[PDB]
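Text of the file entry.pdb, holding PDB, C-alpha atoms and all ligand atoms:
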```pdb
ATOM      1  CA  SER A   2      48.093  18.395  21.433  1.00  0.00           C
ATOM      2  CA  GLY A   3      47.651  14.699  22.195  1.00  0.00           C
ATOM      3  CA  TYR A   4      45.697  12.374  24.434  1.00  0.00           C
ATOM      4  CA  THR A   5      44.517  13.751  27.757  1.00  0.00           C
ATOM      5  CA  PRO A   6      45.048  11.474  30.785  1.00  0.00           C
ATOM      6  CA  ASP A   7      41.320  10.727  31.031  1.00  0.00           C
ATOM      7  CA  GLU A   8      41.264   9.796  27.341  1.00  0.00           C
ATOM      8  CA  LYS A   9      44.360   7.632  27.828  1.00  0.00           C
ATOM      9  CA  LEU A  10      42.790   5.749  30.740  1.00  0.00           C
ATOM     10  CA  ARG A  11      39.466   5.285  28.940  1.00  0.00           C
ATOM     11  CA  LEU A  12      41.205   4.032  25.797  1.00  0.00           C
ATOM     12  CA  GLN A  13      43.341   1.612  27.815  1.00  0.00           C
ATOM     13  CA  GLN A  14      40.327   0.179  29.649  1.00  0.00           C
ATOM     14  CA  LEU A  15      38.259  -0.081  26.461  1.00  0.00           C
ATOM     15  CA  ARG A  16      41.146  -1.736  24.611  1.00  0.00           C
ATOM     16  CA  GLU A  17      41.584  -4.300  27.387  1.00  0.00           C
ATOM     17  CA  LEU A  18      37.861  -5.099  27.344  1.00  0.00           C
ATOM     18  CA  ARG A  19      37.805  -5.299  23.534  1.00  0.00           C
ATOM     19  CA  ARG A  20      40.798  -7.642  23.426  1.00  0.00           C
ATOM     20  CA  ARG A  21      39.198  -9.848  26.082  1.00  0.00           C
ATOM     21  CA  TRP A  22      35.962 -10.017  24.066  1.00  0.00           C
ATOM     22  CA  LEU A  23      37.826 -10.764  20.828  1.00  0.00           C
ATOM     23  CA  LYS A  24      39.754 -13.545  22.569  1.00  0.00           C
ATOM     24  CA  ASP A  25      36.438 -14.901  23.864  1.00  0.00           C
ATOM     25  CA  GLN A  26      35.222 -15.018  20.244  1.00  0.00           C
ATOM     26  CA  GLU A  27      37.607 -17.929  19.590  1.00  0.00           C
ATOM     27  CA  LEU A  28      36.358 -21.501  19.243  1.00  0.00           C
ATOM     28  CA  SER A  29      37.107 -24.441  21.514  1.00  0.00           C
ATOM     29  CA  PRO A  30      38.463 -27.628  19.878  1.00  0.00           C
ATOM     30  CA  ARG A  31      34.980 -29.223  20.049  1.00  0.00           C
ATOM     31  CA  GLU A  32      32.598 -26.295  19.498  1.00  0.00           C
ATOM     32  CA  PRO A  33      30.884 -27.415  16.245  1.00  0.00           C
ATOM     33  CA  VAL A  34      29.273 -30.522  17.752  1.00  0.00           C
ATOM     34  CA  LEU A  35      27.198 -32.355  15.187  1.00  0.00           C
ATOM     35  CA  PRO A  36      23.886 -34.070  15.978  1.00  0.00           C
ATOM     36  CA  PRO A  37      23.593 -37.790  15.095  1.00  0.00           C
TER
ATOM     37  CA  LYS B  52      42.330 -20.287  14.910  1.00  0.00           C
ATOM     38  CA  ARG B  53      38.677 -20.812  14.023  1.00  0.00           C
ATOM     39  CA  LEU B  54      36.335 -18.004  15.064  1.00  0.00           C
ATOM     40  CA  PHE B  55      32.609 -17.799  15.738  1.00  0.00           C
ATOM     41  CA  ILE B  56      30.526 -16.443  12.853  1.00  0.00           C
ATOM     42  CA  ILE B  57      27.579 -14.390  14.107  1.00  0.00           C
ATOM     43  CA  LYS B  58      24.521 -15.169  11.993  1.00  0.00           C
ATOM     44  CA  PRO B  59      20.765 -14.681  12.298  1.00  0.00           C
ATOM     45  CA  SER B  60      18.800 -17.785  13.208  1.00  0.00           C
ATOM     46  CA  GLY B  61      18.483 -19.882  10.053  1.00  0.00           C
ATOM     47  CA  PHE B  62      16.585 -22.698  11.775  1.00  0.00           C
ATOM     48  CA  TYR B  63      13.097 -21.306  11.155  1.00  0.00           C
ATOM     49  CA  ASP B  64      13.558 -20.470   7.466  1.00  0.00           C
ATOM     50  CA  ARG B  65      15.071 -23.908   6.844  1.00  0.00           C
ATOM     51  CA  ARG B  66      12.212 -25.558   8.740  1.00  0.00           C
ATOM     52  CA  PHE B  67       9.621 -23.675   6.686  1.00  0.00           C
ATOM     53  CA  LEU B  68      11.331 -24.629   3.425  1.00  0.00           C
ATOM     54  CA  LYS B  69      11.535 -28.274   4.500  1.00  0.00           C
ATOM     55  CA  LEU B  70       7.859 -28.337   5.511  1.00  0.00           C
ATOM     56  CA  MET B  71       6.686 -26.701   2.276  1.00  0.00           C
ATOM     57  CA  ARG B  72       8.764 -29.091   0.173  1.00  0.00           C
ATOM     58  CA  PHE B  73       7.518 -32.059   2.205  1.00  0.00           C
ATOM     59  CA  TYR B  74       3.839 -31.212   1.761  1.00  0.00           C
ATOM     60  CA  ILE B  75       4.159 -30.295  -1.924  1.00  0.00           C
ATOM     61  CA  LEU B  76       6.020 -33.534  -2.655  1.00  0.00           C
ATOM     62  CA  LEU B  77       3.611 -35.572  -0.503  1.00  0.00           C
ATOM     63  CA  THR B  78       0.706 -34.440  -2.647  1.00  0.00           C
ATOM     64  CA  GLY B  79       2.584 -34.268  -5.960  1.00  0.00           C
ATOM     65  CA  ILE B  80       4.611 -37.474  -6.240  1.00  0.00           C
ATOM     66  CA  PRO B  81       1.433 -39.629  -6.264  1.00  0.00           C
ATOM     67  CA  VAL B  82      -0.073 -37.231  -8.814  1.00  0.00           C
ATOM     68  CA  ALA B  83       2.959 -37.436 -11.111  1.00  0.00           C
ATOM     69  CA  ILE B  84       3.143 -41.222 -10.742  1.00  0.00           C
ATOM     70  CA  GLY B  85      -0.554 -41.579 -11.544  1.00  0.00           C
ATOM     71  CA  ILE B  86      -0.294 -39.259 -14.545  1.00  0.00           C
ATOM     72  CA  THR B  87       2.662 -41.233 -15.906  1.00  0.00           C
ATOM     73  CA  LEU B  88       0.887 -44.559 -15.345  1.00  0.00           C
ATOM     74  CA  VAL B  89      -2.301 -43.320 -17.024  1.00  0.00           C
ATOM     75  CA  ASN B  90      -0.352 -41.973 -20.001  1.00  0.00           C
ATOM     76  CA  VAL B  91       1.695 -45.160 -20.421  1.00  0.00           C
ATOM     77  CA  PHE B  92      -1.073 -47.723 -19.919  1.00  0.00           C
ATOM     78  CA  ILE B  93      -4.183 -45.784 -21.056  1.00  0.00           C
ATOM     79  CA  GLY B  94      -3.156 -43.831 -24.135  1.00  0.00           C
ATOM     80  CA  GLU B  95      -4.982 -40.950 -25.737  1.00  0.00           C
ATOM     81  CA  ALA B  96      -8.012 -41.645 -27.897  1.00  0.00           C
ATOM     82  CA  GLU B  97      -7.900 -41.826 -31.695  1.00  0.00           C
ATOM     83  CA  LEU B  98      -9.941 -39.657 -34.041  1.00  0.00           C
ATOM     84  CA  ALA B  99     -12.645 -41.609 -35.855  1.00  0.00           C
ATOM     85  CA  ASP B 100     -15.751 -40.821 -37.871  1.00  0.00           C
ATOM     86  CA  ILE B 101     -19.045 -41.270 -36.035  1.00  0.00           C
ATOM     87  CA  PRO B 102     -20.602 -44.640 -36.963  1.00  0.00           C
ATOM     88  CA  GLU B 103     -23.973 -44.476 -38.677  1.00  0.00           C
ATOM     89  CA  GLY B 104     -26.974 -44.518 -36.358  1.00  0.00           C
ATOM     90  CA  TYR B 105     -24.963 -43.732 -33.230  1.00  0.00           C
ATOM     91  CA  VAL B 106     -24.877 -40.652 -30.998  1.00  0.00           C
ATOM     92  CA  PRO B 107     -21.837 -40.286 -28.704  1.00  0.00           C
ATOM     93  CA  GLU B 108     -21.893 -39.298 -25.064  1.00  0.00           C
ATOM     94  CA  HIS B 109     -20.960 -35.744 -24.118  1.00  0.00           C
ATOM     95  CA  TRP B 110     -17.592 -36.887 -22.727  1.00  0.00           C
ATOM     96  CA  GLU B 111     -16.668 -38.880 -25.858  1.00  0.00           C
ATOM     97  CA  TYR B 112     -15.494 -35.754 -27.721  1.00  0.00           C
ATOM     98  CA  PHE B 113     -12.149 -35.409 -25.899  1.00  0.00           C
ATOM     99  CA  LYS B 114      -8.951 -37.408 -26.306  1.00  0.00           C
ATOM    100  CA  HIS B 115      -7.129 -37.323 -22.979  1.00  0.00           C
ATOM    101  CA  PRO B 116      -8.433 -39.929 -20.498  1.00  0.00           C
ATOM    102  CA  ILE B 117      -8.125 -37.526 -17.557  1.00  0.00           C
ATOM    103  CA  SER B 118     -10.048 -34.832 -19.440  1.00  0.00           C
ATOM    104  CA  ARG B 119     -12.684 -37.402 -20.412  1.00  0.00           C
ATOM    105  CA  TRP B 120     -13.041 -38.487 -16.780  1.00  0.00           C
TER
HETATM  106  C1  LIG A 201       9.398 -29.055  -4.920  1.00  0.00           C
HETATM  107  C2  LIG A 201       9.679 -27.902  -3.957  1.00  0.00           C
HETATM  108  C3  LIG A 201       9.672 -26.544  -4.665  1.00  0.00           C
HETATM  109  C4  LIG A 201       8.267 -25.913  -4.709  1.00  0.00           C
HETATM  110  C5  LIG A 201       8.162 -24.782  -5.763  1.00  0.00           C
HETATM  111  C6  LIG A 201       6.715 -24.573  -6.251  1.00  0.00           C
HETATM  112  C7  LIG A 201       6.178 -25.792  -7.059  1.00  0.00           C
HETATM  113  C8  LIG A 201       4.667 -25.723  -7.284  1.00  0.00           C
HETATM  114  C9  LIG A 201       4.125 -26.975  -8.020  1.00  0.00           C
HETATM  115  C10 LIG A 201       2.583 -27.009  -8.073  1.00  0.00           C
HETATM  116  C11 LIG A 201       2.053 -28.153  -8.948  1.00  0.00           C
HETATM  117  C12 LIG A 201       2.673 -28.147 -10.378  1.00  0.00           C
HETATM  118  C13 LIG A 201       1.622 -27.843 -11.478  1.00  0.00           C
HETATM  119  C14 LIG A 201       1.942 -28.542 -12.828  1.00  0.00           C
HETATM  120  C15 LIG A 201       0.833 -29.515 -13.260  1.00  0.00           C
HETATM  121  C16 LIG A 201       0.849 -29.779 -14.776  1.00  0.00           C
HETATM  122  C17 LIG A 201       0.779 -31.275 -15.119  1.00  0.00           C
HETATM  123  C18 LIG A 201       0.871 -31.525 -16.643  1.00  0.00           C
HETATM  124  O1  LIG A 201       0.106 -30.991 -17.376  1.00  0.00           O
HETATM  125  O2  LIG A 201       1.861 -32.390 -17.170  1.00  0.00           O
HETATM  126  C19 LIG A 201       2.512 -31.886 -18.333  1.00  0.00           C
HETATM  127  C20 LIG A 201       3.125 -33.062 -19.086  1.00  0.00           C
HETATM  128  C21 LIG A 201       2.070 -34.166 -19.241  1.00  0.00           C
HETATM  129  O3  LIG A 201       1.632 -34.189 -20.593  1.00  0.00           O
HETATM  130  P1  LIG A 201       0.273 -35.092 -20.975  1.00  0.00           P
HETATM  131  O4  LIG A 201      -0.732 -34.215 -21.696  1.00  0.00           O
HETATM  132  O5  LIG A 201      -0.349 -35.629 -19.709  1.00  0.00           O
HETATM  133  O6  LIG A 201       0.705 -36.373 -21.969  1.00  0.00           O
HETATM  134  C22 LIG A 201       0.311 -36.314 -23.332  1.00  0.00           C
HETATM  135  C23 LIG A 201       0.686 -37.665 -24.031  1.00  0.00           C
HETATM  136  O7  LIG A 201      -0.466 -38.451 -24.084  1.00  0.00           O
HETATM  137  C24 LIG A 201       1.776 -38.470 -23.278  1.00  0.00           C
HETATM  138  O8  LIG A 201       2.655 -39.030 -24.246  1.00  0.00           O
HETATM  139  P2  LIG A 201       3.270 -40.546 -23.979  1.00  0.00           P
HETATM  140  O9  LIG A 201       2.266 -41.581 -24.420  1.00  0.00           O
HETATM  141  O10 LIG A 201       4.538 -40.718 -24.759  1.00  0.00           O
HETATM  142  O11 LIG A 201       3.592 -40.733 -22.362  1.00  0.00           O
HETATM  143  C25 LIG A 201       4.708 -40.047 -21.822  1.00  0.00           C
HETATM  144  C26 LIG A 201       4.898 -40.496 -20.383  1.00  0.00           C
HETATM  145  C27 LIG A 201       5.865 -41.692 -20.361  1.00  0.00           C
HETATM  146  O12 LIG A 201       6.937 -41.398 -21.234  1.00  0.00           O
HETATM  147  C28 LIG A 201       8.155 -42.064 -20.896  1.00  0.00           C
HETATM  148  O13 LIG A 201       8.250 -42.639 -19.867  1.00  0.00           O
HETATM  149  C29 LIG A 201       9.350 -42.027 -21.868  1.00  0.00           C
HETATM  150  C30 LIG A 201      10.376 -40.967 -21.479  1.00  0.00           C
HETATM  151  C31 LIG A 201      11.799 -41.540 -21.402  1.00  0.00           C
HETATM  152  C32 LIG A 201      12.116 -42.481 -22.587  1.00  0.00           C
HETATM  153  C33 LIG A 201      13.553 -42.272 -23.131  1.00  0.00           C
HETATM  154  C34 LIG A 201      14.414 -43.552 -23.014  1.00  0.00           C
HETATM  155  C35 LIG A 201      14.767 -43.893 -21.558  1.00  0.00           C
HETATM  156  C36 LIG A 201      14.738 -45.403 -21.293  1.00  0.00           C
HETATM  157  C37 LIG A 201      15.475 -46.197 -22.388  1.00  0.00           C
HETATM  158  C38 LIG A 201      16.625 -47.057 -21.821  1.00  0.00           C
HETATM  159  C39 LIG A 201      16.152 -48.495 -21.413  1.00  0.00           C
HETATM  160  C40 LIG A 201      16.037 -49.446 -22.635  1.00  0.00           C
HETATM  161  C41 LIG A 201      17.424 -49.813 -23.240  1.00  0.00           C
HETATM  162  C42 LIG A 201      18.359 -50.495 -22.207  1.00  0.00           C
HETATM  163  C43 LIG A 201      19.608 -51.084 -22.859  1.00  0.00           C
HETATM  164  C44 LIG A 201      20.710 -50.029 -23.084  1.00  0.00           C
HETATM  165  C45 LIG A 201      21.544 -50.322 -24.328  1.00  0.00           C
HETATM  166  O14 LIG A 201       5.448 -39.447 -19.635  1.00  0.00           O
HETATM  167  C46 LIG A 201       4.491 -38.557 -19.075  1.00  0.00           C
HETATM  168  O15 LIG A 201       3.330 -38.824 -19.113  1.00  0.00           O
HETATM  169  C47 LIG A 201       4.965 -37.229 -18.411  1.00  0.00           C
HETATM  170  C48 LIG A 201       5.032 -37.338 -16.884  1.00  0.00           C
HETATM  171  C49 LIG A 201       4.116 -36.332 -16.193  1.00  0.00           C
HETATM  172  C50 LIG A 201       4.776 -35.693 -14.958  1.00  0.00           C
HETATM  173  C51 LIG A 201       4.242 -34.257 -14.687  1.00  0.00           C
HETATM  174  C52 LIG A 201       4.321 -33.874 -13.189  1.00  0.00           C
HETATM  175  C53 LIG A 201       3.225 -32.841 -12.786  1.00  0.00           C
HETATM  176  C54 LIG A 201       2.490 -33.239 -11.481  1.00  0.00           C
HETATM  177  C55 LIG A 201       1.933 -32.007 -10.711  1.00  0.00           C
HETATM  178  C56 LIG A 201       2.612 -31.826  -9.332  1.00  0.00           C
HETATM  179  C57 LIG A 201       4.159 -31.765  -9.438  1.00  0.00           C
HETATM  180  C58 LIG A 201       4.846 -31.630  -8.050  1.00  0.00           C
HETATM  181  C59 LIG A 201       6.389 -31.626  -8.149  1.00  0.00           C
HETATM  182  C60 LIG A 201       7.012 -33.027  -7.915  1.00  0.00           C
HETATM  183  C61 LIG A 201       7.082 -33.870  -9.202  1.00  0.00           C
HETATM  184  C62 LIG A 201       7.869 -35.185  -8.999  1.00  0.00           C
HETATM  185  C63 LIG A 201       9.284 -34.942  -8.460  1.00  0.00           C
HETATM  186  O16 LIG A 201       4.216 -33.566 -18.353  1.00  0.00           O
HETATM  187  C64 LIG A 201       5.458 -32.924 -18.626  1.00  0.00           C
HETATM  188  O17 LIG A 201       5.920 -32.169 -17.837  1.00  0.00           O
HETATM  189  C65 LIG A 201       6.210 -33.212 -19.940  1.00  0.00           C
HETATM  190  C66 LIG A 201       7.557 -32.471 -20.014  1.00  0.00           C
HETATM  191  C67 LIG A 201       8.372 -32.854 -21.260  1.00  0.00           C
HETATM  192  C68 LIG A 201       9.347 -31.734 -21.681  1.00  0.00           C
HETATM  193  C69 LIG A 201      10.756 -32.261 -21.992  1.00  0.00           C
HETATM  194  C70 LIG A 201      11.847 -31.179 -21.771  1.00  0.00           C
HETATM  195  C71 LIG A 201      12.073 -30.301 -23.021  1.00  0.00           C
HETATM  196  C72 LIG A 201      12.573 -28.882 -22.658  1.00  0.00           C
HETATM  197  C73 LIG A 201      12.459 -27.895 -23.846  1.00  0.00           C
HETATM  198  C74 LIG A 201      12.790 -26.447 -23.440  1.00  0.00           C
HETATM  199  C75 LIG A 201      14.319 -26.200 -23.316  1.00  0.00           C
HETATM  200  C76 LIG A 201      14.651 -24.772 -22.830  1.00  0.00           C
HETATM  201  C77 LIG A 201      15.176 -24.739 -21.385  1.00  0.00           C
HETATM  202  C78 LIG A 201      14.083 -25.045 -20.348  1.00  0.00           C
HETATM  203  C79 LIG A 201      14.295 -26.387 -19.657  1.00  0.00           C
HETATM  204  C80 LIG A 201      13.186 -26.707 -18.661  1.00  0.00           C
HETATM  205  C81 LIG A 201      12.865 -28.200 -18.609  1.00  0.00           C
END
```

Just give me the structure of the file as structure tokens.
Ligand SMILES: CCCCCCCCCCCCCCCCCC(=O)OC[C@H](COP(=O)([O-])OCC(O)COP(=O)([O-])OC[C@@H](COC(=O)CCCCCCCCCCCCCCCCC)OC(=O)CCCCCCCCCCCCCCCCC)OC(=O)CCCCCCCCCCCCCCCCC
Amino acid sequence: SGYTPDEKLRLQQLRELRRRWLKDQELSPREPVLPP
Amino acid sequence: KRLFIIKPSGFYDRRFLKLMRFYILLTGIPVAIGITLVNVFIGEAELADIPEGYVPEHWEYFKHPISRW
């Protein structure tokens, strides 16, 4: 009848890791450097 | 907010295409130029009756200069 505490903790940890990875997917202001 | 697009390495396919095009063009542009020059400056032969008392060479029965050669 809902999330168990172990499921809650696992989901919280996985969500934090996923959000960190998705944030890391962003591009810096210079990332597409072009060769001469 | 630009994001990173995950793609398979397209460097090798592009390199192969560039190399194939380079070699084909390297050997074909001179061929096309020579064919055009031969056509423009050495036209095809003209049909004519065989003159009396004359036998033609085996290669004198074709009209295109490249085919004759
Ligand atoms: C690349 C990467 C990708 C790789 C992919 C894989 C590729 C693999 C390739 C492997 C090798 C290829 C194998 C092919 C070898 C075959 C060679 C051959 O036999 O040549 C054939 C043929 C040569 O014929 P020929 O028997 O030697 O000549 C007989 C006559 O004696 C000649 O008559 P002539 O005395 O009138 O002389 C004409 C002469 C000269 O005629 C002219 O110059 C006149 C034309 C323009 C005049 C119009 C006026 C313009 C100027 C006027 C303005 C200035 C003055 C006024 C200025 C003031 C303005 C007010 O022109 C020519 O001789 C033709 C040029 C030959 C070029 C053929 C190239 C083949 C080489 C093989 C390797 C190719 C490698 C690819 C690279 C090629 C290069 C990029 O060449 C042609 O291709 C002719 C094509 C003409 C067709 C016209 C288009 C009509 C389309 C109708 C169909 C529509 C439906 C839709 C389809 C559309 C599709 C087009």

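Counting from atom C35 of ligand LIG 201 (chain A), the distance to CA of residue 88 in chain B is 15.2 Å.
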
- prompt: For the atom pair CA of residue 115 in chain B and atom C4 of ligand LIG 201 (chain A), what is the interatomic distance in Å to one decimal place?
  reply: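 Separation between CA of residue 115 in chain B and atom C4 of ligand LIG 201 (chain A): 26.5 Å.
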
Once you count only C-alpha atoms and all ligand atoms, which residues end up within 9 Å of ligand LIG 201 (chain A), and could you hand them over as a CSV table (one decimal) with C-alpha atoms, keeping the file's coordinate frame?
```csv
chain,number,residue,atom,x,y,z
B,68,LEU,CA,11.3,-24.6,3.4
B,69,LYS,CA,11.5,-28.3,4.5
B,71,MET,CA,6.7,-26.7,2.3
B,72,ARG,CA,8.8,-29.1,0.2
B,73,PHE,CA,7.5,-32.1,2.2
B,74,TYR,CA,3.8,-31.2,1.8
B,75,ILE,CA,4.2,-30.3,-1.9
B,76,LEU,CA,6.0,-33.5,-2.7
B,77,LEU,CA,3.6,-35.6,-0.5
B,78,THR,CA,0.7,-34.4,-2.6
B,79,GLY,CA,2.6,-34.3,-6.0
B,80,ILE,CA,4.6,-37.5,-6.2
B,81,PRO,CA,1.4,-39.6,-6.3
B,82,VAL,CA,-0.1,-37.2,-8.8
B,83,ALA,CA,3.0,-37.4,-11.1
B,84,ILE,CA,3.1,-41.2,-10.7
B,85,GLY,CA,-0.6,-41.6,-11.5
B,86,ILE,CA,-0.3,-39.3,-14.5
B,87,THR,CA,2.7,-41.2,-15.9
B,88,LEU,CA,0.9,-44.6,-15.3
B,89,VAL,CA,-2.3,-43.3,-17.0
B,90,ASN,CA,-0.4,-42.0,-20.0
B,91,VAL,CA,1.7,-45.2,-20.4
B,92,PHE,CA,-1.1,-47.7,-19.9
B,93,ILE,CA,-4.2,-45.8,-21.1
B,94,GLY,CA,-3.2,-43.8,-24.1
B,95,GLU,CA,-5.0,-41.0,-25.7
B,114,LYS,CA,-9.0,-37.4,-26.3
B,115,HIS,CA,-7.1,-37.3,-23.0
B,116,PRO,CA,-8.4,-39.9,-20.5
B,117,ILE,CA,-8.1,-37.5,-17.6
```

So that each row is one residue of chain A with an atom at most 12 Å from chain B, can you give its shortest atom pair and the distance in Å to one decimal, using all atoms listed in the file, rows by chain and rising number, as a tab-separated table?
```
residue	atom	partner	partner_atom	distance
A:22	CA	B:55	CA	11.9
A:23	CA	B:54	CA	9.4
A:24	CA	B:54	CA	9.4
A:25	CA	B:54	CA	9.3
A:26	CA	B:55	CA	5.9
A:27	CA	B:54	CA	4.7
A:28	CA	B:54	CA	5.4
A:29	CA	B:53	CA	8.5
A:30	CA	B:53	CA	9.0
A:31	CA	B:53	CA	11.0
A:32	CA	B:55	CA	9.3
A:33	CA	B:55	CA	9.8
```

Would you output that residue set with C-alpha atoms, as a PDB file, in the coordinates of the input?
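New file result-v4.pdb:
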```pdb
ATOM      1  CA  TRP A  22      35.962 -10.017  24.066  1.00  0.00           C
ATOM      2  CA  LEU A  23      37.826 -10.764  20.828  1.00  0.00           C
ATOM      3  CA  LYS A  24      39.754 -13.545  22.569  1.00  0.00           C
ATOM      4  CA  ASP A  25      36.438 -14.901  23.864  1.00  0.00           C
ATOM      5  CA  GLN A  26      35.222 -15.018  20.244  1.00  0.00           C
ATOM      6  CA  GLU A  27      37.607 -17.929  19.590  1.00  0.00           C
ATOM      7  CA  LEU A  28      36.358 -21.501  19.243  1.00  0.00           C
ATOM      8  CA  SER A  29      37.107 -24.441  21.514  1.00  0.00           C
ATOM      9  CA  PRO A  30      38.463 -27.628  19.878  1.00  0.00           C
ATOM     10  CA  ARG A  31      34.980 -29.223  20.049  1.00  0.00           C
ATOM     11  CA  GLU A  32      32.598 -26.295  19.498  1.00  0.00           C
ATOM     12  CA  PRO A  33      30.884 -27.415  16.245  1.00  0.00           C
TER      13      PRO A  33
END
```

Distance of CA of residue 58 in chain B from CA of residue 15 in chain A, expressed in Å to one decimal place: 25.0 Å

- request: Show which residues sit within 12 Å of residue 99 in chain B, as a list in words. Count all atoms listed in the file, and ignore same-chain residues fewer than 6 positions away.
  value: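 Contacts, in chain order: residues 107, 111, 112, 113 and 114 of chain B.
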